[PDB]
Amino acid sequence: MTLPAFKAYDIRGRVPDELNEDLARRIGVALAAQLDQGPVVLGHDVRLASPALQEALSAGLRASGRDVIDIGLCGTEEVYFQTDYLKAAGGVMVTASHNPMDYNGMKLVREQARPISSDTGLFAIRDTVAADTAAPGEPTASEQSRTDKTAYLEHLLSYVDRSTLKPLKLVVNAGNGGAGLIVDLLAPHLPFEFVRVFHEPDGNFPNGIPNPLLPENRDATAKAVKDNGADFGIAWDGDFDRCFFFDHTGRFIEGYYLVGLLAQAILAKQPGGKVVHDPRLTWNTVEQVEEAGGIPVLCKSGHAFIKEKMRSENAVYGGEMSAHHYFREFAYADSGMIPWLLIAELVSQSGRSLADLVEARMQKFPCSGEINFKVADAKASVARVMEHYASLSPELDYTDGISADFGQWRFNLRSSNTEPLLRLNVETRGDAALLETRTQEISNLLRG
């Protein structure tokens, strides 16, 4: 067989049978052979076992003659940022995301924080690690601790005109992940009043593994917003590359609508720019991008495809409905910090609430939200859906699974690249009834 921890986009598995210090050291050795010249940036999340896995990576990298830049406890975007900013050969973030307590993982990048994925180095690393029975060498290169976040913080603040910001009251919910550290470093430079929920980093996760999409976790932010009269709330996943927004009513804003909102915010600063979006939900983004004078660029989902499309297009911004937002100036990488700074600036400058910034868009392009299906036979299930709708002659697009545009409604149906699931998204042209009947119709076909 093959090592199960090696997935399409990253390394993820149970400790210690799928991932451990020995495997981590071998990954460091193997990564050294895959990179162009330079040092390697290493960072880690709040999970209890993450430092030891990072130390093992460092030992393997240094035995292979790579200098290591240890940026310490951080978010995933800090590994991206420092890898690019320091002109390093690559970087590794040790992060378990929202996998169980006995799980960990790694996200690996090369120069300019370009992703290393299954077909771009990750399976090559896997195959080297799998066959590597050599005795561990000793270090022939040094590790330096670089915990200065000044350049990173300055970069984040560069996205907004601080003199235009108003003293909004913002709920922030790190979920006991790492986001609060950055919020607190930014706060002296911002006028906002922060209401801090689940703020302290704690890899024991007394309030649940960080996952703002789970209703119990969602409700903690919503309650804080409502009880404190906050202008809006922001929650993050544990490594804070995903951000989640709650309006002043406590309502969670579906991530689809943040793509168009952020695109308009960015296009104000960079007129005429291209914006990359995924094929899951599209109509609102295309319209908002065009209305703001930008050019929308359809791309397959998944951060590696998005980033390379952005690079080839000089796109200023890209966004997925799955709470991933990519910024050209940020090494084409995703940040969970840039988006809420931009939204806070937009609320400050416009005088409009976050709710009102999205309300009409949500009415105009209502969507199902992503609905996941584990079925016995995904291919047969997709075929049943397509056969059922064939007589309507939808416009079909195969950029990522199947997108079918029927005129007043459309859907995207695709296999996930991170879980063995089918993912469905439906949207309509201002028609909530059609959305529900078509969503239920497709759901019945998929489960048939």
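Think of the rigid core as the biggest set of C-alphas that the two forms share within 1.5 Å after superposition. When you see a residue number, it is the position in the sequence shown, counting from 1.
S.K.: Once everything is fitted on the core, do the CA positions of 91-99 or those of 361-369 lie farther from the shown form in 9 other deposited structures of this protein?
M.R.: More C-alpha displacement in 9 other deposited structures of this protein shows up in 91-99.
S.K.: Quick one: core-superposed, which stretch strays further from the shown model in 9 other deposited structures of this protein, 273-281 or 373-381? Go by RMS C-alpha distance.
M.R.: Stretch with the larger root mean square C-alpha distance in 9 other deposited structures of this protein: 373-381.
S.K.: Regarding 423-431 and 8-16, which shows the higher C-alpha temperature factor on average in the entry?
M.R.: Taking the mean C-alpha B-factor of 423-431 and of 8-16, the larger value falls to 8-16.
S.K.: Mean C-alpha B factor from the entry: is it higher for 94-102 or for 230-238?
M.R.: Per the PDB record, 94-102.
S.K.: Among the candidates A130, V109, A222, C74, give the one with the maximum CA B-factor reported in the record.
M.R.: The listed residue with the largest C-alpha B-factor is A130.
S.K.: Comparing recorded Cα B-factors across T285, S348, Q264, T83, which one is largest?
M.R.: Comparing C-alpha B-factors across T285, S348, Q264, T83, the maximum falls on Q264.
S.K.: By its CA B factor, does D161 count among the lowest, middle or highest third of the modelled residues in the chain?
M.R.: For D161, the deposited C-alpha B-factor lands in the highest third.
S.K.: Quick check for you: using the entry's CA B-factors within this chain, is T249 in the lowest, middle or highest third?
M.R.: It falls in the middle third of the chain.
S.K.: Relative to the other modelled residues in the chain, which third contains the C-alpha temperature factor of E329: lowest, middle or highest?
M.R.: Highest third.
S.K.: Among the modelled residues of its chain, does the C-alpha B-factor of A32 lie in the lowest, middle or highest third?
M.R.: Middle third.
S.K.: With respect to C-alpha B-factor, does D356 fall in the lowest, middle or highest third of the chain as deposited?
M.R.: Within its chain, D356 is a lowest-third residue by C-alpha B-factor, going by the deposited values.
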